């Protein structure tokens, strides 16, 4: 965990996946352009044995208009993974975000959610569910021999512990979830593994709502193999005790657990970010390293219940958390990072987070030494 350990290039550092290879795979979320970047390619080859698409396998990326399938970008990630012996996760077959609006239009082009006639509403449910099945069918028929792990549905439970009231749910009810898993199993066969993915899986009432939902679906024969824990977490939240309780709870149902989008933000919520990487104080990296130390000790403790830990990026020079890195300024134009201190204006998404164990110059951080060691 030491800060005495040097800030060496990650391309010269002990391989992260090999450190954990008997405990769980180590994955990274990627964009196709990173496969054209020499340093990113070297990082993926050196440290990772699992891969996921950050964006190009989402519904709107794959079928942006009905009947128009763009597999070109996804294919490049699959090809790279196969050439390098990496597991692949598919993110994601169903989601209320980055989803093409044509799914939810009726035969006359009007939003299905507005329909008041119950017979027309039922017709729209069957149309939506058929479109859903065709989307999944086309994708799974192409990739079933190459992609082992599938985020079949993403974020289907609300933070209020109710089912998320997305158009999927408004139009089709709970059946859209059942149909999605049944279609994946039907066209993909018994060897692909099917996951329900979500964030804040550690937090009540969402955690028990997710638990009750998967328990009921499995009792009804819906094929669900595991839970994907996005794990978009902070230095001091959620607690390791609550993470452990979450993983055990779902393992008790016979479910695999995967950590699918891990990042450890430097900030709280809503974040008050530093404007640049250079401005983040050294102590934050030490606090982060201690958190990573405890976190991966717990993952190892629970390794018989976790098959994969995937980071939502490669190195600190690229992370979706920067889109959340709001910079607060006081009246004198000085940066404000104290979560309830006075401020005058905010520059949304203009700051810099630092969530990984590899820095933006591809050199290892204190968090790397904290999880590569055996203490």
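Positions refer to the first chain, counted from 1.
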query: Stretch exceeding the other in mean C-alpha B-factor - 52-60, 33-41; finding: 33-41
query: 66-74 set against 337-345, stretch whose average Cα temperature factor tops the other in the entry; finding: 337-345
query: Given 260, 265, 84, 216, the residue at which the Cα B factor reaches its maximum; finding: 216
query: Criterion, highest CA B-factor; candidates, 144, 291, 232, 162; finding: 162
query: CA B-factor placement of residue 244, once the chain's modelled residues are sorted into thirds; finding: middle
query: CA B-factor ranking of residue 278, expressed as a third of its chain; finding: middle
query: Residue 126, C-alpha B-factor rank within chain (lowest, middle or highest third); finding: highest
query: Third of the chain's Cα B-factor distribution that residue 12 belongs to, per the entry; finding: highest
query: Residue 323 - Cα temperature factor, lowest/middle/highest third of chain; finding: middle
